[PDB]
2 protein chains.
Amino acid sequence: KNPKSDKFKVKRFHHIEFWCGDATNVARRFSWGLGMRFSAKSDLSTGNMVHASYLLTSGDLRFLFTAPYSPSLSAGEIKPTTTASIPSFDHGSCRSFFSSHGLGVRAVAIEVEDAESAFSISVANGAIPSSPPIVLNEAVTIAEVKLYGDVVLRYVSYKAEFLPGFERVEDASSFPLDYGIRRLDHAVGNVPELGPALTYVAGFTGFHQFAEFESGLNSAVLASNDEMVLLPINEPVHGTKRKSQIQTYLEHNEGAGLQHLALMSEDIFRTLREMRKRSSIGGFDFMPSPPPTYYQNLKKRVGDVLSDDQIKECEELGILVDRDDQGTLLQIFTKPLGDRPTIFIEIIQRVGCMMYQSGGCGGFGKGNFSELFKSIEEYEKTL
Amino acid sequence: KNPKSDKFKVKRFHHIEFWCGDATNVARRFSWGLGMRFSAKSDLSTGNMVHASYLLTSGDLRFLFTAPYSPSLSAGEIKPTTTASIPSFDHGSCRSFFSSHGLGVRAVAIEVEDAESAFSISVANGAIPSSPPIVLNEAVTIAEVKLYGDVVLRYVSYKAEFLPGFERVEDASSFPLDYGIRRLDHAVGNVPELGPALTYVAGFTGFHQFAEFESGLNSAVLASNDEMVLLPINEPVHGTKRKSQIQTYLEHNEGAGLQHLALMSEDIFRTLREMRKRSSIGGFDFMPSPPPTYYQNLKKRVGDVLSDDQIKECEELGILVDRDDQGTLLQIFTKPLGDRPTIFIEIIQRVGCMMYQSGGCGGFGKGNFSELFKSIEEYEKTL
Ligand SMILES: Cc1c(C(=O)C2=C(O)CCCC2=O)ccc2c1c(=O)n(CC(=O)Oc1ccc3ccc4cccc5ccc1c3c45)c(=O)n2C
Ligand SMILES: Cc1c(C(=O)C2=C(O)CCCC2=O)ccc2c1c(=O)n(CC(=O)Oc1ccc3ccc4cccc5ccc1c3c45)c(=O)n2C
Ligand SMILES: [Co+2]
Ligand SMILES: [Co+2]
């Protein structure tokens, strides 16, 4: 059931902001690896003496990469006179974030009807404020509250092109790469304690529990009214045999933070062909593929949704498949995006739940823990 | 004249080490942009709990990219028990370097006959010590002295594959990229005061002045006995009309540091074709090309070294050409490698001075300041 308890009007995921040491190199690597085009910039060339910020887009997916310049360039500025295009940015906060966590997501941004109202309502309902609502060029309002760890939930609302102060990117520097990724499907946090994290976020958003769940973790998913904003949260399970990967995350990340971004593709076969061609020439690596037994077991599980040829294409690309009582999920996971075994990416595509497609169709792949373990056991048994 | 005054036996440039926020993303970007293969690693997967270091190679050119992990991973270690493969590494030094300067070169490494002797002689002759000689696996010795700013000159000597503790890279992650780059030709520093910088470095190395030189800078070049290790140093010229780019460097870098790396190609035409194909898909951008008048003027200057077709190929690729009384230089410059207008790369190839080719054949392109200015003036005149 969906109680539709959102305490303010939420639209969709708007962007994800990475805090970086060098935004240029991370943005260029991600552009080539994921097939995202350079779409906007705010940096020295646009008069920003504070931070370098580069926007990549693929369809509706927006990835922002931000790094601080020397504070000496802006030493005479005050907030009323800032040349920063993102008024919540702070040199010390950014350097401290990156020193503590390494490369990772600082902001999960959702578009709302009124960022000032969303901020006020959130804080009235327990949200810890991070940056107050600030109106940019009387046209866009931005506000930030703490989500978990040093990750913020950023509210953005538009009166009527990314943010004022950003410039569209020179067409010769904007190569029209596109591997089929179209939007952010969900964004997942790792925390030490799931219960208090859920109570806090659901407390100030009104987001309701969408789903939930003996291998490493406990998880639950918070969702907006139309279930298009999806925020799963994990905690570690202590007392196992293999060490919890959630605990490994928390250790290497120095605490809670964003674990993975799941990116919807309109053609997951094409996306994975293109990404895998580039893994060893600057792109992203993928997790080891499941054994042949996993794909033999796919016939009995999804033989009514996917043809034998489509299942063979999943096998060639290492794609995992899970299913709901309503829809089917195709998914695959990258290796970590940077030096630390912390943040990674998931590529997904969902089949079913046609009404437009309902959010979360097919679930999040929890059934693939069991199915993977079973297939590994069968493959070693084949010996 | 060459006094051959080296105070210890120097062989050749060995490697350049970048200090990074995230080594993975910088290394992957550079690999694709420059056509360098992933050759060795030292990181969590090799038991290094301290730093992540990735080695790229192209021919004899070695680029090392290093970033710190959370200090919590190695908190129980002491130097006698370190898991770091580069014993001079320090978390605080690396974070402070990167916070101050952004992405850039920490170490210019030269191979010497005996790194302990080179270190002792250097310090006896005025070098400021940075890291004492440390023997790794009774097989390689490494030592470091201050060069300028926070850049060190690193001595490496081998008893008889990069460094002990590094592992050769998995062949599936080692794509054999190669755009023709073969070695480091020279490495250039920017300092506030050229005179004291020259006196200091020549003081402790015995390197002699190779060359020297009204547009922005004063420069001089220090060279080893066989003039294969070449270290130009620049200072700003104050009082001009256009602001000194050396002064802009010092401002955005927070002081002295490495300005550019000049990479010799065995086929500069192929290297630039390959690099330019990749500029807008994750690689490196190049400076704006000279006007058509520059290439018309090339005929009268190097028409005896380069055919008309070869000059047209230089024009298609934006390559600059200068000449000595002994040799000819083909060169081109990238835009800055990262967020700040600080470090950039030069691709070069030298013609002449055949004996093997003598080091520095054709000079460093100082004649192209005048020639560029003249050609820009002629092109606007063509109007
Ligand atoms: C991340 C994820 C989801 C997911 O999206 C998700 C949510 O959206 C919300 C609900 C909670 C949740 O989970 C769903 C299914 C997944 C995965 C996933 O990440 N992965 C791969 C893996 O576990 O990665 C790793 C990582 C580190 C390892 C270290 C050591 C290992 C030693 C042996 C075997 C391993 C297998 C996988 C391993 C590792 C090991 C999977 O298989 N499924 C099937
Ligand atoms: C870097 C370099 C060398 C070189 O290797 C070298 C050494 O090895 C040792 C000896 C000293 C030395 O110098 C030789 C020749 C060069 C260059 C070189 O860097 N460049 C390009 C440029 O000046 O870059 C820039 C950078 C920033 C600018 C900001 C604003 C500008 C406004 C107008 C015009 C510009 C032109 C160039 C500009 C800029 C402007 C060149 O043309 N030659 C011809
Ligand atoms: Co997921
Ligand atoms: Co040069």
# chains A, B, ... in the order shown; residues from 1 in each chain; ligands from 1
$ residues_near_ligand --ligand "ligand 4" --cutoff "10 Å" --atoms "only C-alpha atoms and all ligand atoms" --output "count of residues only"
23
$ interface_residues --of "chain B" --to "chain A" --cutoff "9 Å" --atoms "only C-alpha atoms" --output "PyMOL selection string"
chain B and resi 20-33+35+37-38+43-44+52+67-70+72-73+95+98-103+172-175+177+251-254+279-283+285+337-340
$ residues_around --residues "stretch 195-206 of chain B" --least-positions-apart "2" --cutoff "10 Å" --atoms "only C-alpha atoms" --output "MDAnalysis selection string"
chainID B and resid 3:10 118:119 121:128 145:149 153 189:193 208:209 218:225 231:235
$ select_by_dssp --residues "stretch 42-196 of chain B" --states "strand (DSSP E)" --output "PyMOL selection string"
chain B and resi 42+51-58+61-68+104-112+129-136+140-148+151-158+167-168+181-190
$ closest_residue --among "A:129, A:360, A:76, A:291" --to "ligand 3" --atoms "only C-alpha atoms and all ligand atoms"
A:360
$ atom_distance --atom1 "atom 27 (C, counted along the ligand's line) of ligand 2" --atom2 "atom CA of residue B:286"
11.5 Å
$ select_by_dssp --residues "stretch 181-379 of chain A" --states "helix (DSSP H, G or I)" --output "PyMOL selection string"
chain A and resi 194-205+245-253+268-277+279-281+292-302+308-317+367-379
$ closest_residue --among "B:229, B:217, B:112, B:264" --to "ligand 2" --atoms "only C-alpha atoms and all ligand atoms"
B:217
$ residues_around --residues "residue A:292" --least-positions-apart "5" --cutoff "9 Å" --atoms "only C-alpha atoms" --output "ChimeraX atom specification"
/A:297,315,375,379
